[PDB]
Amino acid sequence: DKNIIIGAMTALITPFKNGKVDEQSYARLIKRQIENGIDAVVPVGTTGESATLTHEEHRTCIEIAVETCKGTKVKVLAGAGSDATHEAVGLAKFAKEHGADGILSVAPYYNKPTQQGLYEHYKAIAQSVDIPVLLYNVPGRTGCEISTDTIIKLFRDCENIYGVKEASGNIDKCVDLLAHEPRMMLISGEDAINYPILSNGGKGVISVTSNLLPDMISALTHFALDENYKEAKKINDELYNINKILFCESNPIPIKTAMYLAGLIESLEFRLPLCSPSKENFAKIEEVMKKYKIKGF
């Protein structure tokens, strides 16, 4: 009864070259996702360094994702979150006007809105567009938590709001959400627990690991959606070691390191305050990667 964006999705890294977005590398990486079974891509979330891109660069990345996915089955769920509602509304409207299929919108970071404030924030965002809106709860980064009651209120009050990406390590809340509002789309935002969230009726993932292993994350998700829980769990178990090492330092530091280690990006460049991992973690990531089958271009 709602328009939705579900399935296996990738929180795209943003490659830099000489401090600027490498727009050619960005398109090439998206094509690699498309060719490895991914159902949607998410430009410029946390993994794509939304904090340090300018609003102009953020918009360019959304445009490249839309352009690269045009004529393919793959949807663009554009990163559009902000701690300021007026900025989040501006990004939402841009995404809509520029052909995104939907938006992801992180809970406001830093300023710690109340539940009433979160409700008004997301209602303003939903009112600004006519495309699907996925909430995104990540309290370890934002300092706030969108409660189950608030999520369900938004889902019932706002046609566009169709679910939530949960990055909260809280499978109890995942049960609470789908037991009380089974129509919503619960999306895993934590790779290590993709299979538990899917096996409780979640309908997709927004993945960091899929930057490196898109075929494995897509296979996992599609097995679970087909109720082949044995085969989905097998992949989730196999992926635990890489899923864990990709957070040995704050995301996206390990995943960009891994993409560089596999020759998939040309330089290991971040924007401050992000920076290279320690040499010890660089080497740890490399050793974990050697246990997995990494697709090229």
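All residue numbers are counted from 1 along the displayed sequence.
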Should the higher mean CA B-factor in the entry be assigned to 20-28 or to 5-13? 20-28
Can you tell me which stretch has the higher mean Cα B-factor, 222-230 or 179-187? 222-230
Based on the PDB record, which member of 41, 264, 255, 62 exhibits the highest Cα temperature factor? 264
Tell me which of 172, 101, 120, 130 tops the list for C-alpha B factor in the record. 130
Can you tell me which third, lowest, middle or highest, the CA B-factor of residue 235 falls into for its chain? lowest
Tertile call for residue 269 (CA temperature factor, within chain, third-based) is the highest
Sorting the chain's CA B-factors, does residue 49 end up in the lowest, middle or highest third? lowest
Residue 159's Cα B-factor: lowest, middle or highest third of the chain? highest
Please rank the C-alpha B-factors of the chain's modelled residues and tell me whether residue 79 sits in the lowest, middle or highest third. lowest
